[PDB]
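Here it is, the structure, as structure tokens.
Computed from the coordinates by the stated procedures, all read-outs in this text should not be read as laboratory data. Here Cβ is always computed from backbone atoms with ideal geometry, including for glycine, and neighbour counts include all displayed protein chains.
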Amino acid sequence: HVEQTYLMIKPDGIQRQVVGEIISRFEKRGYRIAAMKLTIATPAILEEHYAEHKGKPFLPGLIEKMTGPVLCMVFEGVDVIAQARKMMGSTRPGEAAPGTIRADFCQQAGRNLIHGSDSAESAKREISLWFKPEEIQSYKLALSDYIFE
Amino acid sequence: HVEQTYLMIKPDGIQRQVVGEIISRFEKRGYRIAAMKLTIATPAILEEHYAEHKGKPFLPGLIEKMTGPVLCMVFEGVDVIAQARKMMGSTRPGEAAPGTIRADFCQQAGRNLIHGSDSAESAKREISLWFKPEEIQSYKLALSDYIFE
Amino acid sequence: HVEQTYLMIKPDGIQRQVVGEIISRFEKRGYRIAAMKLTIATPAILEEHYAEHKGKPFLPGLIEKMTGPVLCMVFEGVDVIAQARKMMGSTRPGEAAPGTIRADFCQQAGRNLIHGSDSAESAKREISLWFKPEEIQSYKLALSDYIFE
């Protein structure tokens, strides 16, 4: 039983030119790229993405940092929602475990390179927000017999 | 005092073509390759390898997964038996620490890329099962003065 | 608010020829190289570097191991003193976390590749010991807006 999660490379990942390295970490585990799109995030879409934080004092500055190119992604794998969160590490890079993306690349939570859905409900909501269903692709990895039990 | 451990790249490691990356992780610590052999594991040798699991319901499926090309290896280093296990990570890739082989490469316990001896006694037995004494090579690493106290 | 830490690649790092890999790990987090110098460490400077250990039985052998080529470095970043220590890992490589320098490269505490200041006071003392003020270079990283909050 595989699932799908929404992962988004933030403008710092684009500008620091580590997109390929990020994607490689997920491919390395045999996670399948089900969707991928470069866009420029705008305030209106970011307000929906961060709807839970509406009205909080940090939100305007967060939206400013996130207004920029982003890489929208859907990855598929066993337990991939929780596993992608583990691979990213703590939101605060100083707290993140060695070997996680945030510990390996970042210093502060406001520039922490990447977002991943925190739950199945948020993955469904985020995938619907950032992608049209047409953009989710169905295919099977040829190495499946050696990735899955 | 150094010791020697038995490490085996399972068919998923061969088929996903990550053999070199696996070997590089052990070489990076100054562990010495004392033996290395590509073979195809067969049910009869795997029954002996997995002797501790005789009679258990999961043994037949385990032997099927492991029937295939494998890379038999012996690495030498300080505390290398326990350290190689730490480097491999937990049996379940989803529980393994980031930076371990299983966390970085795998999704499920039944395709977890690599075996390593779990104790001094199992290392001695496994090395003897998969290698004849004439296959174990003794030489000194030129950087020994900078690897060992 | 950034700080500066003193990091020194020990003779084993030089001789194993992993200087570039070590530097890349710190650059990867957006830490700024503020100073760098190759020298051959002398007993006189090492006695002051290891002043905390004066009179201990292991000091003479520690100085001997360190009398060789070293790369003196200053890196700047948020919380970089504590963070560099976390990236180095435990003094004993066998106790260090996977993904740390010592766990990934080393076997024994007496050859553990790198030194880093352990506190604000130690960083200030060690930077002043190994570098003259004119050797500390002040410049701004062009990617600062994407590294810092």
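Just wondering, is there one or more residues in the stretch B:129-149 that are free of Cβ contacts under 8 Å to residues at least 60 places away in the same chain, within 19 Å of residue B:28 (Cα to Cα) and surrounded by 23 or more Cβ atoms within 10 Å (Cβ to Cβ)?
no
Determine, yes or no, whether residue C:101 is away from chain B (no Cβ under 14 Å) and surrounded by 13 or more Cβ atoms within 10 Å (Cβ to Cβ).
Values: away from chain B (no Cβ under 14 Å): no; surrounded by 13 or more Cβ atoms within 10 Å (Cβ to Cβ): yes.
It is false that residue C:101 is away from chain B (no Cβ under 14 Å) and surrounded by 13 or more Cβ atoms within 10 Å (Cβ to Cβ).
Looking at the structure I just gave you, is residue C:86 in a helix (DSSP H, G or I) and either on the phi < 0 side of the Ramachandran plot or among the β-branched types (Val, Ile, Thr) (or both)? Steps first, answer last, please.
On the way: in a helix (DSSP H, G or I): yes; either on the phi < 0 side of the Ramachandran plot or among the β-branched types (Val, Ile, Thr) (or both): yes.
Judged against the criteria, residue C:86 is a match.
Just a yes or no: is a residue in the stretch A:116-136 within 13 Å of another protein chain (Cβ to nearest Cβ) and at negative phi?
So in the stretch A:116-136, the residues within 13 Å of another protein chain (Cβ to nearest Cβ) come out as none.
Taking every residue of the stretch A:116-136 in turn, none turns out to be within 13 Å of another protein chain (Cβ to nearest Cβ) and at negative phi.
On to the next question. Could you please find all residues in the stretch C:123-149 being within 30 Å of residue A:12 (Cβ to Cβ) and touching a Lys or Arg at 6+ places or on another chain (Cβ under 7 Å)? I'd like the intermediate steps shown before the answer.
Residues of the stretch C:123-149 that are within 30 Å of residue A:12 (Cβ to Cβ), as a first pass: C:123, C:127, C:136-149.
If the condition is that a residue be within 30 Å of residue A:12 (Cβ to Cβ) and touching a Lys or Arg at 6+ places or on another chain (Cβ under 7 Å), then C:141, C:143, C:146, C:147, C:148, C:149 are the ones that fit.
Can we say residue B:89 is over 14 Å from the mean Cα position of the chain (by Cα) and not β-branched (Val, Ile, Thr)? Spell out the reasoning first.
Details: over 14 Å from the mean Cα position of the chain (by Cα): no; not β-branched (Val, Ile, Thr): yes.
No, not satisfied.
State the number of residues belonging to the stretch C:46-82 that are of a type in the set (A, V, I, L, M), surrounded by fewer than 18 Cβ atoms within 10 Å (Cβ to Cβ) and more than 29 Å from residue C:1 (Cβ to Cβ). I'd like the intermediate steps shown before the answer.
Going residue by residue through the stretch C:46-82, those that are of a type in the set (A, V, I, L, M) are C:46, C:51, C:59, C:62-63, C:66, C:70-71, C:73-74, C:78, C:80-82.
Filter once more, so that each one left must be surrounded by fewer than 18 Cβ atoms within 10 Å (Cβ to Cβ): C:51, C:59, C:62, C:82.
Of the ones still in play, those that are also more than 29 Å from residue C:1 (Cβ to Cβ) are C:59, C:62.
Number of matching residues: 2.
For the stretch B:1-17, which residues satisfy the criterion of being touching a strand residue (DSSP E or B) at 6+ places or on another chain (Cβ under 8 Å) and either hydrophobic (A, V, I, L, M, F, W, C) or within 11 Å of another protein chain (Cβ to nearest Cβ) (or both)? Let's see the steps before the verdict.
Our first condition is that a residue be touching a strand residue (DSSP E or B) at 6+ places or on another chain (Cβ under 8 Å); within the stretch B:1-17, this holds for B:1-15.
Across the stretch B:1-17, the qualifying residues are B:2, B:7, B:8, B:9, B:10, B:11, B:12, B:13, B:14, B:15.
Still on this structure: What residue, among those in the stretch C:112-130 that are touching a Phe, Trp or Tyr at 6+ places or on another chain (Cβ under 6 Å) and of a type outside the set (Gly, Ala, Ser), is nearest to residue C:94 (Cα to Cα)? Don't jump to the end; show me each part of the working.
Initial filter on the stretch C:112-130 (touching a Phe, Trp or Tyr at 6+ places or on another chain (Cβ under 6 Å)): C:113, C:117, C:123, C:126-127.
In the following step, the residues that additionally are of a type outside the set (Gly, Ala, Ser) were identified as C:113, C:126-127.
On the way: C:113: 14, C:126: 27, C:127: 29 Å.
So, considering only residues that are touching a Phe, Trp or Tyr at 6+ places or on another chain (Cβ under 6 Å) and of a type outside the set (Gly, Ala, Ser), the one nearest to residue C:94 (Cα to Cα) is C:113.
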